[PDB]
Amino acid sequence: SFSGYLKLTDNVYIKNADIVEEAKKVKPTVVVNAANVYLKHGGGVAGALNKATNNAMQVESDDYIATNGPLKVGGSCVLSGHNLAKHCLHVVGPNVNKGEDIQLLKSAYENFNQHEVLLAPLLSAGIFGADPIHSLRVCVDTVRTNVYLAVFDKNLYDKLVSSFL
Ligand SMILES: CCCn1nnc(NC(=O)c2ccco2)n1
């Protein structure tokens, strides 16, 4: 199962890890992708997860969008986890760099409650432009299921742990 995580709360754990390497090692039931509404996995966590699937995640995602149209900011869809997990839960956190409502971050984390255990990144962090300290606080105050957070950046991981209330 998951190893080397620091316990933050009853149900939230955190580790300085590359979520792709973590997914290949654990092969969890659910890996969360930091998706956009179009499921265009170009960069950040999405670009890295997609590259690890040899673009199979993008091919599956384009078929999903062709059939269903875009997701909502704050929404999600369950697709295959390919070689990384049983399932990938593509969750759209607000992208502050695109002027999206930061208040939708709680709605985005509510998607995690439909899964008993997940390997996940901090939503809206990184290239999505939100403050990761705020993302972690919304995560702990919203998610009730078991969430194993992988934070790629060591310096950010240390700041998140040392400032956690
Ligand atoms: C790229 C280094 C790790 N990192 N990942 N997301 C962030 N972002 C921030 O620290 C930030 C954005 C708005 C306020 O603070 N840093």
So how many residues does region 1-36 have that are assigned to a helix (DSSP H, G or I) and either in contact (Cβ under 8 Å) with a residue 24 or more places away in the chain or of a type in the set (A, V, I, L, M, F, W, C) (or both)? 6
Test: residue in region 53-73 that is surrounded by 14 or more Cβ atoms within 10 Å (Cβ to Cβ) and under 13 Å from the mean Cα position of the chain (by Cα): no
Inside region 152-165, can you point out the residues that are more than 14 Å from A120 (Cβ to Cβ), within 13 Å of the ligand (Cβ to nearest atom) and aliphatic (A, V, I, L, M)? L156
Within the group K86, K40, which residue is in contact (Cβ under 8 Å) with a residue 24 or more places away in the chain and basic (K, R)? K86
On the basis of being away from the ligand (no atom under 12 Å from the Cβ) and either assigned to a strand (DSSP E or B) or within 16 Å of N11 (Cβ to Cβ) (or both), does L118 make the cut? yes
Considering (1) of a type in the set (A, V, I, L, M, F, W, C); (2) within 14 Å of the ligand (Cβ to nearest atom); (3) out of contact with any strand residue (DSSP E or B) (no Cβ under 8 Å at 6 or more places or on another chain), say which one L104 fails and leave the rest. (2)
Here are some conditions: (1) farther than 22 Å from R137 by Cβ; (2) surrounded by fewer than 18 Cβ atoms within 10 Å (Cβ to Cβ); (3) among the β-branched types (V, I, T). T9 meets all but one. Which one does it not meet? (1)
So in region 121-151, with the set limited to residues that are of a type in the set (G, A, S) and within 11 Å of the ligand (Cβ to nearest atom), which one is surrounded by the most Cβ atoms within 10 Å (Cβ to Cβ)? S124
Check region 63-71 and report whether any residue there is in contact with a strand residue (DSSP E or B) (Cβ under 7 Å, 6 or more places away or on another chain) and part of a strand (DSSP E or B). no
Restricting to region 144-162, what's the tally of residues that are outside any strand (DSSP E or B), of a type outside the set (S, T, Y) and closer than 16 Å to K15 by Cβ? 9
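No Cβ is skipped: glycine too gets one built from the backbone with ideal geometry, and neighbour counts run over all protein chains shown. All of the numbers you see were taken from the coordinates with simple rules; none came from a lab.
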